[PDB]
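Asks: Got a structure for you, questions after.
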Amino acid sequence: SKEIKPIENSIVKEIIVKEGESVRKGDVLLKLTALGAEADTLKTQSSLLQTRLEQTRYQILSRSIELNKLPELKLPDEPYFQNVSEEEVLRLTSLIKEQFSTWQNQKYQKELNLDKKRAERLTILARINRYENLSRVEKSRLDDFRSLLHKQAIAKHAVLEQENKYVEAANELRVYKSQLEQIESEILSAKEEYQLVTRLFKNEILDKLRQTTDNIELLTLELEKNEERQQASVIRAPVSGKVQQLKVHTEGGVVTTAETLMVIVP
Ligand SMILES: [Zn+2]
């Protein structure tokens with residue numbers, strides 16, 4: 001007495017009723033899935049898996065920053081990590097290893113420069129000490145010399161050459177002191193270069209981790225829509241009675257909203 005049509009163009013997921021079967025109002029007759037829903041959901045799920053792999057990547061790298069060494073490169077076994085291919089895991093671990101290696105090498109280069117500057121500073125300090133001691137010695141010998149001038153116990157020539165020696169010592173000292181100031185400045189700059197590497201690495205990891213979080217959020221919303229559309233529609237008997245004129249026996253075939261799948265009499 002009443003015709004049964006699908007609310008939307010779909011695929012016959014399950015045929016529960018047979019021809020001539022008696023059903024009550026509310027009994028399930030047919031379950032349908034909307035066309036193209038499973039493929040869409042599959043796509044969204046794939047994207048989710050990828051984004052989560054990336055999330056794992058940047059989490060591991062952040063941890064490696066905190067440890068200055070890589071943690072164990074394994075996926076946690078959570079339900080979103082149930083359909084991961086060997087290729088995806090390999091790609092993940094390779095990416096992690098390569099980024100960590102590059103970071104470490106950059107650090108080591110800047111640290112190398114810094115250490116070179118430190119060694120140079122040590123050398124400069126040694127020279128400064130040397131010529132300060134030399135300067136003072138020549139100055140004292142010269143002072144002893146030049147008032148022997150005023151008691152005419154020494155030649156002017158000896159005085160001139162001692163003054164020459166002292167002057168050279170003092171000039172060398174001044175030069176190396178200036179060099180000390182400059183190298184100290186360069187050491188400061190080198191420290192800032194060394195620190196900048198890890199600073200930027202840490203920042204970039206935080207940024208990417210945030211991005212993956214946002215992406216997981218949006219993809220989750222899209223997945224929610226997909227799951228809402230994909231969930232099987234159930235057709236329940238609007239009245240109790242007999243199933244007649246059933247024109248559906250193939251699971252997996254297409255039915256349209258204009259098609260009468262069966263009638264329930266009366
Ligand atoms: Zn001379």
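Starting from 1 in every chain, residues are counted up; chains themselves are A, B, ... following the order of the structure tokens, and ligands are numbered from 1 as listed.
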Which residues are near ligand 1 in this structure, taking near to mean any atom at most 8 Å from a ligand atom and counting only C-alpha atoms and all ligand atoms? Format them as a list in words.

Replies: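 Those within range of ligand 1 are residues 157, 158 and 161 of chain A.
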
Asks: List every residue of range 186-214 of chain A that has an atom at most 8 Å from any atom of range 92-107 of chain A, giving for each one its closest atom pair and the distance in Å to one decimal, counting only C-alpha atoms, sorted by chain and then by ascending residue number, as a Markdown table.

Replies:
```
| residue | atom | partner | partner_atom | distance |
| --- | --- | --- | --- | --- |
| A:194 | CA | A:107 | CA | 6.3 |
| A:197 | CA | A:107 | CA | 6.3 |
| A:198 | CA | A:107 | CA | 7.2 |
| A:201 | CA | A:103 | CA | 7.3 |
```

Asks: What lies within 12 Å of residue 84 in chain A using only C-alpha atoms, ignoring chain neighbours under 5 positions off, as a PyMOL selection string?

Replies: chain A and resi 45-46+48-50+52-53+75-79+89-92

Asks: What's around residue 207 in chain A at 12 Å? Count only C-alpha atoms, leave out sequence neighbours fewer than 5 positions away in its own chain, and write the answer as a list in words.

Replies: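 Skipping anything fewer than 5 positions along the chain leaves residues 55, 58, 59, 62, 200, 201, 202, 212, 213 and 214 of chain A.
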
Asks: Could the residues in this selection be written to a file with C-alpha atoms, as a short mmCIF file (atom, residue, chain, number, x, y, z; two decimals), in the first residue's frame?

Replies:
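Everything below was put into again-v9.cif:
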```cif
data_model
loop_
_atom_site.label_atom_id
_atom_site.label_comp_id
_atom_site.auth_asym_id
_atom_site.auth_seq_id
_atom_site.Cartn_x
_atom_site.Cartn_y
_atom_site.Cartn_z
CA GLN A 55 53.28 15.47 13.70
CA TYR A 58 58.32 17.14 14.58
CA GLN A 59 57.51 15.84 18.07
CA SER A 62 61.66 18.57 19.42
CA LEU A 200 65.95 28.82 14.61
CA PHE A 201 65.75 25.02 14.57
CA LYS A 202 63.62 25.00 17.74
CA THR A 212 50.24 20.05 11.78
CA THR A 213 47.91 20.55 14.75
CA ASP A 214 45.75 23.06 12.84
#
```

Asks: May I ask which of the residues A:170, A:243, A:206, A:124 is the closest one to residue 28 in chain A, counting only C-alpha atoms?

Replies: A:243

Asks: Excluding range 14-25 of chain A and any residue of its chain fewer than 3 positions from it, enumerate the residues within 10 Å of it, using only C-alpha atoms, and give them as a list in words.

Replies: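 Final neighbour list, sorted by chain and number: residues 11, 28, 29, 30, 31, 32, 33, 232, 234, 236, 237, 238, 239, 240, 241, 242, 243, 244, 245, 246, 247, 248, 249, 250, 251, 252, 262, 264 and 265 of chain A.
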
Asks: Give me a file of those residues, with C-alpha atoms, as a PDB file, in the first residue's frame.

Replies:
```pdb
ATOM      1  CA  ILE A  11      24.590   1.641  -3.190  1.00  0.00           C
ATOM      2  CA  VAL A  28      15.002  -2.690   8.893  1.00  0.00           C
ATOM      3  CA  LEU A  29      14.453  -3.558   5.231  1.00  0.00           C
ATOM      4  CA  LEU A  30      17.493  -2.098   3.487  1.00  0.00           C
ATOM      5  CA  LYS A  31      20.742  -0.348   4.354  1.00  0.00           C
ATOM      6  CA  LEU A  32      22.131   2.082   1.781  1.00  0.00           C
ATOM      7  CA  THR A  33      25.395   3.997   1.434  1.00  0.00           C
ATOM      8  CA  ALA A 232      24.375   3.850   6.193  1.00  0.00           C
ATOM      9  CA  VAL A 234      18.292   2.569   7.032  1.00  0.00           C
ATOM     10  CA  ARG A 236      12.322   0.990   8.078  1.00  0.00           C
ATOM     11  CA  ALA A 237       8.855  -0.347   7.315  1.00  0.00           C
ATOM     12  CA  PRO A 238       6.458   2.610   7.597  1.00  0.00           C
ATOM     13  CA  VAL A 239       3.649   0.101   8.103  1.00  0.00           C
ATOM     14  CA  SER A 240       3.488  -3.541   9.184  1.00  0.00           C
ATOM     15  CA  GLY A 241       2.818  -6.290   6.661  1.00  0.00           C
ATOM     16  CA  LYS A 242       4.115  -8.152   3.617  1.00  0.00           C
ATOM     17  CA  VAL A 243       6.992  -7.235   1.336  1.00  0.00           C
ATOM     18  CA  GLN A 244       5.874  -7.372  -2.299  1.00  0.00           C
ATOM     19  CA  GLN A 245       7.231  -6.320  -5.680  1.00  0.00           C
ATOM     20  CA  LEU A 246      10.848  -6.357  -4.530  1.00  0.00           C
ATOM     21  CA  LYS A 247      13.067  -5.168  -7.371  1.00  0.00           C
ATOM     22  CA  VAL A 248      16.406  -5.438  -5.521  1.00  0.00           C
ATOM     23  CA  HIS A 249      18.499  -8.550  -4.937  1.00  0.00           C
ATOM     24  CA  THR A 250      22.006  -7.383  -5.826  1.00  0.00           C
ATOM     25  CA  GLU A 251      24.246  -6.133  -3.024  1.00  0.00           C
ATOM     26  CA  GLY A 252      26.547  -3.385  -4.275  1.00  0.00           C
ATOM     27  CA  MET A 262       9.502  -2.622  -2.738  1.00  0.00           C
ATOM     28  CA  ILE A 264       4.540  -3.041   1.976  1.00  0.00           C
ATOM     29  CA  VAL A 265       0.986  -4.404   1.928  1.00  0.00           C
TER      30      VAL A 265
END
```

Asks: Could you tell me, as a PyMOL selection string, which residues of range 63-235 of chain A DSSP assigns to alpha helix (DSSP H) when given the backbone?

Replies: chain A and resi 63-67+86-146+156-230

Asks: Next, the residues of the selection above should be written as a short mmCIF file (atom, residue, chain, number, x, y, z; two decimals), in the first residue's frame with C-alpha atoms.

Replies:
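Below is the file that was written, part_0.cif:
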```cif
data_model
loop_
_atom_site.label_atom_id
_atom_site.label_comp_id
_atom_site.auth_asym_id
_atom_site.auth_seq_id
_atom_site.Cartn_x
_atom_site.Cartn_y
_atom_site.Cartn_z
CA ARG A 63 62.46 15.80 21.89
CA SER A 64 65.83 15.39 20.16
CA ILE A 65 66.44 19.09 20.71
CA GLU A 66 65.78 18.67 24.41
CA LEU A 67 68.06 15.62 24.59
CA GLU A 86 56.64 0.35 5.28
CA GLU A 87 57.45 3.12 2.81
CA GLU A 88 55.82 5.79 4.98
CA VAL A 89 57.71 4.63 8.08
CA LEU A 90 60.99 4.52 6.17
CA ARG A 91 60.39 8.00 4.74
CA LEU A 92 59.57 9.31 8.21
CA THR A 93 62.70 7.92 9.87
CA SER A 94 64.91 9.03 6.98
CA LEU A 95 63.55 12.57 7.18
CA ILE A 96 64.05 12.70 10.95
CA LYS A 97 67.62 11.40 10.68
CA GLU A 98 68.51 13.85 7.92
CA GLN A 99 67.15 16.94 9.68
CA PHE A 100 68.79 15.97 12.97
CA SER A 101 72.11 15.37 11.21
CA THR A 102 71.99 18.72 9.40
CA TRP A 103 71.15 20.58 12.61
CA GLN A 104 73.99 18.88 14.49
CA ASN A 105 76.50 19.65 11.74
CA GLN A 106 75.50 23.33 11.58
CA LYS A 107 75.91 23.54 15.35
CA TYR A 108 79.34 21.93 15.11
CA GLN A 109 80.47 24.37 12.41
CA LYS A 110 79.51 27.45 14.41
CA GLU A 111 81.08 25.90 17.52
CA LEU A 112 84.24 25.33 15.49
CA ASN A 113 84.43 29.01 14.57
CA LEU A 114 83.73 30.01 18.18
CA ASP A 115 86.49 27.73 19.49
CA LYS A 116 88.95 29.10 16.94
CA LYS A 117 88.21 32.61 18.18
CA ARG A 118 88.73 31.44 21.78
CA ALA A 119 92.14 29.96 20.96
CA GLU A 120 93.13 33.20 19.22
CA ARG A 121 92.07 35.09 22.36
CA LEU A 122 94.35 32.89 24.46
CA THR A 123 97.29 33.58 22.14
CA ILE A 124 96.63 37.32 22.25
CA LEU A 125 96.49 37.27 26.06
CA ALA A 126 99.81 35.42 26.22
CA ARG A 127 101.44 38.02 23.96
CA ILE A 128 99.94 40.84 26.04
CA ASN A 129 101.47 39.39 29.21
CA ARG A 130 104.82 38.93 27.47
CA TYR A 131 105.07 42.48 26.20
CA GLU A 132 103.72 44.01 29.41
CA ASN A 133 106.53 42.33 31.33
CA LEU A 134 109.04 43.29 28.64
CA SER A 135 107.73 46.86 28.56
CA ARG A 136 108.07 47.25 32.31
CA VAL A 137 111.57 45.75 32.34
CA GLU A 138 112.85 48.04 29.58
CA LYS A 139 111.16 51.00 31.25
CA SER A 140 112.91 50.35 34.54
CA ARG A 141 116.29 49.78 32.90
CA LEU A 142 115.74 52.99 30.93
CA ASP A 143 114.83 54.98 34.06
CA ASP A 144 118.01 53.77 35.70
CA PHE A 145 119.85 54.88 32.53
CA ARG A 146 118.53 58.44 31.93
CA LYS A 156 123.49 59.55 25.33
CA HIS A 157 123.62 56.84 22.65
CA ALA A 158 122.99 53.96 25.07
CA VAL A 159 120.03 55.95 26.36
CA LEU A 160 118.61 56.44 22.88
CA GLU A 161 118.79 52.74 22.10
CA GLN A 162 117.28 51.70 25.43
CA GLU A 163 114.49 54.19 24.73
CA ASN A 164 114.10 52.57 21.31
CA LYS A 165 113.77 49.11 22.88
CA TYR A 166 111.22 50.33 25.42
CA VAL A 167 109.20 52.14 22.76
CA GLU A 168 109.00 48.99 20.63
CA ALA A 169 107.82 46.98 23.64
CA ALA A 170 105.13 49.53 24.52
CA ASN A 171 103.87 49.79 20.94
CA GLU A 172 103.60 46.02 20.65
CA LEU A 173 101.68 45.92 23.92
CA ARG A 174 99.18 48.56 22.77
CA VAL A 175 98.65 46.71 19.48
CA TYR A 176 97.92 43.41 21.21
CA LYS A 177 95.55 45.09 23.70
CA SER A 178 93.52 46.54 20.84
CA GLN A 179 93.55 43.08 19.26
CA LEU A 180 92.18 41.69 22.53
CA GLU A 181 89.24 44.08 22.45
CA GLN A 182 88.50 43.21 18.82
CA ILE A 183 88.74 39.45 19.33
CA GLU A 184 86.45 39.72 22.36
CA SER A 185 83.87 41.42 20.15
CA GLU A 186 84.28 38.67 17.55
CA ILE A 187 83.82 36.04 20.27
CA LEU A 188 80.52 37.66 21.24
CA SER A 189 79.38 37.60 17.60
CA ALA A 190 80.47 33.97 17.26
CA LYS A 191 78.45 33.03 20.34
CA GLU A 192 75.40 34.67 18.80
CA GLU A 193 75.95 32.74 15.57
CA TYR A 194 76.28 29.44 17.44
CA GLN A 195 73.10 30.07 19.44
CA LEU A 196 71.12 31.25 16.40
CA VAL A 197 71.31 27.77 14.81
CA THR A 198 69.48 25.94 17.59
CA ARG A 199 67.21 28.94 18.19
CA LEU A 200 65.95 28.82 14.61
CA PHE A 201 65.75 25.02 14.57
CA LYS A 202 63.62 25.00 17.74
CA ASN A 203 61.40 27.80 16.42
CA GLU A 204 60.85 26.09 13.06
CA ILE A 205 59.98 22.82 14.77
CA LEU A 206 57.44 24.57 17.01
CA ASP A 207 55.93 26.28 13.96
CA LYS A 208 55.61 23.07 11.96
CA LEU A 209 54.14 21.25 14.96
CA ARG A 210 51.51 23.98 15.34
CA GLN A 211 50.73 23.83 11.61
CA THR A 212 50.24 20.05 11.78
CA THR A 213 47.91 20.55 14.75
CA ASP A 214 45.75 23.06 12.84
CA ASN A 215 45.74 20.77 9.81
CA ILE A 216 44.63 17.83 11.95
CA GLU A 217 41.81 20.01 13.31
CA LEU A 218 40.48 21.02 9.88
CA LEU A 219 40.90 17.51 8.45
CA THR A 220 39.04 16.21 11.51
CA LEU A 221 36.11 18.51 10.74
CA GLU A 222 36.12 17.35 7.12
CA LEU A 223 36.23 13.74 8.35
CA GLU A 224 33.23 14.44 10.56
CA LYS A 225 31.28 15.68 7.54
CA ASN A 226 32.39 12.64 5.54
CA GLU A 227 31.35 10.22 8.30
CA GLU A 228 28.02 12.00 8.61
CA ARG A 229 27.28 11.56 4.91
CA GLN A 230 28.77 8.04 4.69
#
```

Asks: With distances taken over only C-alpha atoms, which residue among A:258, A:263, A:235, A:39 lies nearest residue 26 in chain A?

Replies: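 The shortest atom-to-atom distance to residue 26 in chain A comes from A:235.
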
Asks: Using the chain letters and numbers from this document, which residues of range 148-243 of chain A does DSSP assign to strand (DSSP E or B), as a PyMOL selection string?

Replies: chain A and resi 233-236+241-243

Asks: Measure the distance from CA of residue 40 in chain A to CA of residue 81 in chain A in Å and round it to one decimal.

Replies: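 Value for the CA of residue 40 in chain A-CA of residue 81 in chain A distance: 19.3 Å.
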
Asks: Quick one: pull the distance between CA of residue 10 in chain A and CA of residue 80 in chain A, Å, one decimal.

Replies: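 According to the coordinates, CA of residue 10 in chain A and CA of residue 80 in chain A are separated by 28.1 Å.
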